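Colleague: Would you be able to build a 3D model of this:
(2 chains, ligands or ions: 2)
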Amino acid sequence: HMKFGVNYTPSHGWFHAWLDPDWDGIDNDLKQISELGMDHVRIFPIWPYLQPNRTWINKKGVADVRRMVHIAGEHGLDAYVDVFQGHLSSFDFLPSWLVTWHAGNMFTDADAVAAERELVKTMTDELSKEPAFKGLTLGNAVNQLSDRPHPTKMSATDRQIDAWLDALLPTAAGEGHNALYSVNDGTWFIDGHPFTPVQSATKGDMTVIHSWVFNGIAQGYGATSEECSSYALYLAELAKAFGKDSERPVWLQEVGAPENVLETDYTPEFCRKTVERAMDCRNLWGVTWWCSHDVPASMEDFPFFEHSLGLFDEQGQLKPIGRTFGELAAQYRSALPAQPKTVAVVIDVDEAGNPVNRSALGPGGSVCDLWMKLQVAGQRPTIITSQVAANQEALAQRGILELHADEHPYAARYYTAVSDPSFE
Amino acid sequence: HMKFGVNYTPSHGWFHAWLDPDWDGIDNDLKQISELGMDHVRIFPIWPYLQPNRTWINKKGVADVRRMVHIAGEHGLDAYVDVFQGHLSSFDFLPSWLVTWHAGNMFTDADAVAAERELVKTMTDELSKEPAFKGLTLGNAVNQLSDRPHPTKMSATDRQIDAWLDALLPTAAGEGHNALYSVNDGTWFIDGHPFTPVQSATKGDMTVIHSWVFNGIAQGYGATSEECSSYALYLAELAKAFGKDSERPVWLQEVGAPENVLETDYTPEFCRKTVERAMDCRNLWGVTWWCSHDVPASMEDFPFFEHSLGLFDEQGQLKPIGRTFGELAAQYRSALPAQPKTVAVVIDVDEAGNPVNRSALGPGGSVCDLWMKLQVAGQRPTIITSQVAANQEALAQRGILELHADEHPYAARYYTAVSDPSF
Ligand SMILES: CC(=O)N[C@@H]1[C@@H](O)[C@H](O[C@@H]2O[C@H](CO)[C@@H](O)[C@H](O)[C@@H]2O)[C@@H](CO)O[C@H]1O
Ligand SMILES: CC(=O)N[C@@H]1[C@@H](O)[C@H](O[C@@H]2O[C@H](CO)[C@@H](O)[C@H](O)[C@@H]2O)[C@@H](CO)O[C@H]1O
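Modeller: Residues are numbered from 1 along each chain as shown, chains lettered A, B, ... in the order given. Ligands and ions are numbered 1, 2, ... in the order given. You can find the structure just below:
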C-alpha cells in the first residue's frame, strides 16, 4: 500500500486560521480532500501560538490542533502533525523568547531544548487521544534556521544536531504513531550543513524528503525535461543511500508544481510524471502533495507562485492538477513495490557515512548530472555510498551489477537554496 | 481632576491571555481594579496577533480588544489602548512579515507604514464604538526598536521619525478620545536618538513619560534617597520643558517600584513619595502605575523583578503597594494643581528646540545633578530652554525670577538603558 495525501493549507485564513478558525470551513476543506481519495493530511500549527512563553503552553492552541485532527478523522483521513513552525512559505514564526533581547539557539540552548521536549510531549500526549493521529514531525524544514543563507541563523555543529535529534525524537515516540523530522534539500546539497544525510536516513522512523524543482532543476535542465520530472525520484534514491538499513522507508512528504519555474498548463503532466517516476523507488512509502488549497490572494509578501500551489483554488474548486493527483491515488495506492535496481551511482563518504562532497549532489553537480544521464538512458540507476560499493558481499546481495563513480567531481551549477530571487 | 489608573496585566496568562481569553477572569481583574479606586486602565494587545500578515487583520483579535474595553467601561473604567506591541517587559512581539527573510523597517518602509496606518484606522473605528475608549497610544515605548542598544534595530533619522509620527497620529485621531504615543527615557538621555524631546512635547495630544528608577537613578543617588523619589517629578518637568505649549498636559503613563533596585518592604513608601513629589508638577494629568497584577511565577525568562511589579499578587489579593496607591488616589484625585515655580534650570537647545547635550540630562548628568541639588535644597526648580531664558518678557510672564545654567556640562554617569544587566 502506497500512501497519498496533502499538506493542508486552510482555505480561509491560511495558517493565520489558528488565530480565528472557521471550523465549518475547515470541515469543508477536509471533506473535499477526502472526497478526492486522499488518505492523509499533514497539519501545521504555529509554534509561538502553542508556546508563547518558554514555560507556558497555550492549552487552547493544543486543543485546536486536536480538533483539526479529529475533523480529519471524521472524513477518513489520517493526520500527521508538524510541531516547530518555525518556517512556512518563506515566513519565520518564532517565539519572542528566542528573538531580539532574548536571542537564543533552539538547537544548543539547554533550556530551549527542554521546552521543546515539553511541547512535543504535551502534543503527543494530547493528540494520541485521537485515532486519526498517525505521526508527529518535529517541524517543517527545521534545518533552515541552522545555517546560511538564513539571515539570523542558529548555528550548530552536526554533533550538536545529533544531540538535538536524540533529545526530541524519543519524546515524540509512542504506539500508534510515527516520530519524524523534515529538512529542506540543503541537507544533501550544502557542504558543512549541520543537518546531515546520515541523520535523515537513520533518526526518526522514516527518511523524509521535500522535492522542489525551483532549486535549479527546472531552471538548468528545463522545466519540461525528463530530468526535471525525475527529480523527486533522484531525491528518494539519494536520501535512502545514506542509511544503515537499505529497507528504511522514504516519505516524499512535500512535492509541488511551482509556477515560478513551471508553466501553469503543464502542472498536471508534471504532477503525473513526477509521481510515477518517484514510485520507481521501492522504498517509497507515500507522497504528500504541496498543497491542498491556494493561499488567499488577499495576503501579501508571499513569493507569487505560492498562491497557486493548491489542488483546489480559493473558492474550493478542484483544479486540473487536483484531478490528476486524485487519479494517481486511485490508480496506484494499491500498486506493488518497484523492482530492485542493478545499476548504481557511487558517492564517496567519510567514516561517518556522509558525502565528503555535498555540492556535487545538487542540481547541475557532477553526481546529479551522472544520475540523470543514466536515468534518461533507461539504466534505472540507484545510489550507494563508497562504503557499500567496497563490500562485494553487499553488492551481490543487493543484486547490483554495474557501478558508476563520479570520476571528476564538480559543484552544483544550477543550485539555489532559496525559493525567490528576492531572498538572494 | 487628577487621574489614577494602572497598566492592566491580566492575572491569568499575562498578555498571552489574548490567545485564549478567560473573560470571567478578565471581568474580575477589572472589577478589583475599579474597586481599588482607579479611574482608568491601559490595555496591551499583541501586534502579530492583530496583523499576522501585512494585508490581513485578525478581526477576531480586534473584537477581543473591543470586548476588553467594553468590560472596563462596565466597571466604570476609562480604557486607553496601545497598538504596536512590539515591546513588553523585555520581550519583542514582531509580525513575521517584518523579520528574518522579510526583515524590514517599521519606521521607514512605505508599505509597513501603510499597513500600520490600516491597523490604527481599523482599531480606532472599532474602539470608537465603545464609550469607555478614551485614547489610542501608537505603542508601548516604540522608540526602543529605532536605535542602539536594540540587537536588531530598525534605524531611522529624526526626520524619518517625524514623518512616521505625522503619518500615523492623524489616523488615530477622532472625537471622543486622545491620540498619543510613548517612548522610553532614551528620548531625553541618549544623544543622536531619533525620537526627540521636541517630538514628545509637540506630537500627539499629551506629553507621555515612563518613569523607571532602574535606569541608574536608584543605583547612583541611592534607592531610598530623596533624589530617587523625586525622579518622576524631574522627568515630568524635563519633558514639558521642550514643548512650545507651556500648558500641554504631562501623563505619567508608567511608574513602578522595581525590586531589582529597591528592597521589597520599601516599595509602598517609594510609591507614596514618588507620587506626592510628581504631583508638584502643574501640568501632570494623571499617574498610571505599572502594573495591576504580578506576572505569574510559572512564566520564565522575565527579569526576576517583573514578577512582583503588581498592585495585586498572583492570588489576586491586594498588596501593600496597592493599598498605598488606592489611598493616594482617594486623597489626591480632587486636589488642585500645584503652585507655579520661580526657579528654573536652563537647558541649551538647538534651533529645532532640542537639547544640544542629551547625555547631560540623564541620571548623574550635569543637568540632572543640578536640578536634584536645587530640588533637595527646597527650591522647587522647574526647567526651561535657553530660548525661553533669552526673553526677559517671557520670563516675567511665567513668573521666573532666578535662573540656573549648566556651566560645566558632563555626561550621565549613572545611566543604563536596559532594565537588566543580562541584556
Ligand atoms: C525563504 C525560503 O526560500 N524558503 C523556502 C521554503 O519556503 C521552501 O519550503 C517548502 O516550499 C513551499 C513552496 O515554496 C513552502 O510554501 C513551504 O514552506 C514548504 O515547506 C523550501 C523548499 O524546499 O525552500 C526554502 O528555501
Ligand atoms: C530590553 C529592556 O531592558 N527593555 C526595557 C523595557 O522593558 C522597559 O519598559 C517598561 O518597563 C517595565 C518594567 O521593566 C516593563 O514591564 C514594560 O515593558 C514597561 O513598558 C523600559 C523602561 O524604561 O526599559 C527598557 O530598557
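Colleague: just the strands in the stretch 201-350 of chain A please.
Modeller: A:207-211, A:250-255, A:284-289, A:343-347 (DSSP state E, counting those that start in this stretch).
Colleague: residue contacts, residue A:96?
Modeller: A:48, A:52, A:102, B:91-93 (Cβ atoms under 8 Å, 6 or more residues apart in numbering or on different chains). Using the backbone N, CA and C atoms, a C-beta is placed for each residue, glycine as well.
Colleague: Now it. Nearest residue, chain neighbours left out?
Modeller: residue B:91 (4.1 Å; Cβ to Cβ, 6 or more residues apart in numbering or on different chains).
Colleague: Next, the contact list for the residue of the stretch 301-424 of chain A found nearest ligand 2, please.
Modeller: For the stretch 301-424 of chain A and ligand 2, the shortest gap (Cβ to the nearest ligand atom) falls at residue A:301, measuring 27.4 Å. Going by Cβ under 8 Å, 6+ apart, residue A:301 touches A:90-91, B:53-54, B:97, B:102.
Colleague: could those residues be laid out in TSV, adding distance to ligand 1?
Modeller: Putting these into TSV (distance: Cβ to the nearest ligand atom, whole Å) gives the following:
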residue	distance to ligand 1
A:90	4
A:91	8
B:53	14
B:54	16
B:97	13
B:102	9
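Colleague: Got the phi and psi for the closest residue to chain B within the stretch 301-424 of chain A?
Modeller: Residue nearest to chain B within the stretch 301-424 of chain A: residue A:301 (5.1 Å; Cβ to the nearest Cβ). Main-chain dihedrals, residue A:301, degrees, to the nearest 10: phi 70, psi 0.
Colleague: which bits of the stretch 101-250 of chain A sit near ligand 2?
Modeller: residue A:101 (Cβ under 6 Å from any ligand atom).
Colleague: show me where the stretch 101-250 of chain A has helices.
Modeller: Assigned by DSSP state H, counting those that start in this stretch, the stretch 101-250 of chain A shows helices spanning A:110-127, A:158-172, A:186-189, A:197-200, A:217-221, A:226-229, A:231-240.
Colleague: which helices and strands sit right next to the first one?
Modeller: Using 3 or more Cβ pairs under 8 Å, 6 or more residues apart in numbering or on different chains; DSSP states H and E as the contact criterion, the elements in contact with helix A:110-127 are helix A:47-50, helix A:59-74, strand A:78-82, strand A:133-137, helix A:158-172.
Colleague: Could you export it as PDB, CA atoms only?
Modeller: What follows is helix A:110-127, C-alpha atoms only, in PDB (Å, rounded to 0.1, in the frame of the first residue of the first chain):
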ATOM      1  CA  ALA A 110      19.700  23.500  27.200                       C
ATOM      2  CA  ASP A 111      16.500  25.200  28.300                       C
ATOM      3  CA  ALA A 112      15.300  25.800  24.800                       C
ATOM      4  CA  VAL A 113      15.700  22.000  24.100                       C
ATOM      5  CA  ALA A 114      13.900  21.300  27.400                       C
ATOM      6  CA  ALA A 115      11.000  23.500  26.500                       C
ATOM      7  CA  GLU A 116      10.900  21.900  23.000                       C
ATOM      8  CA  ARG A 117      10.800  18.500  24.600                       C
ATOM      9  CA  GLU A 118       7.900  19.600  26.900                       C
ATOM     10  CA  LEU A 119       5.800  20.800  23.900                       C
ATOM     11  CA  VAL A 120       6.400  17.600  21.900                       C
ATOM     12  CA  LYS A 121       5.400  15.600  25.000                       C
ATOM     13  CA  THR A 122       2.300  17.700  25.600                       C
ATOM     14  CA  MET A 123       1.400  17.400  21.900                       C
ATOM     15  CA  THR A 124       2.000  13.700  21.600                       C
ATOM     16  CA  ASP A 125       0.100  13.000  24.900                       C
ATOM     17  CA  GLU A 126      -3.000  15.000  23.800                       C
ATOM     18  CA  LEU A 127      -3.100  14.000  20.000                       C
END
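Colleague: for that helix, which positions count as buried?
Modeller: A:112-113, A:115-116, A:119-120, A:122-124, A:126-127 (16 or more other Cβ atoms under 10 Å in any protein chain shown).
Colleague: Tell me the one among those nearest to chain B.
Modeller: residue A:115 (8.8 Å).
Colleague: give me every residue that touches the closest one.
Modeller: Per Cβ under 8 Å, 6+ apart, neighbours of residue A:115: A:51, A:54-55.
Colleague: Most neighbours among those, which one is it?
Modeller: residue A:51 (25 neighbours; other Cβ atoms under 10 Å in any protein chain shown).
Colleague: How about the contacts made by it?
Modeller: A:57-58, A:95, A:115, A:119.
Colleague: Please work out how many residues are found near the residue of the stretch 151-300 of chain A found nearest ligand 2.
Modeller: Using Cβ to the nearest ligand atom, the single residue of the stretch 151-300 of chain A nearest to ligand 2 is residue A:152, 17.6 Å away. For residue A:152, the count of nearby residues is 16 (other Cβ under 10 Å).
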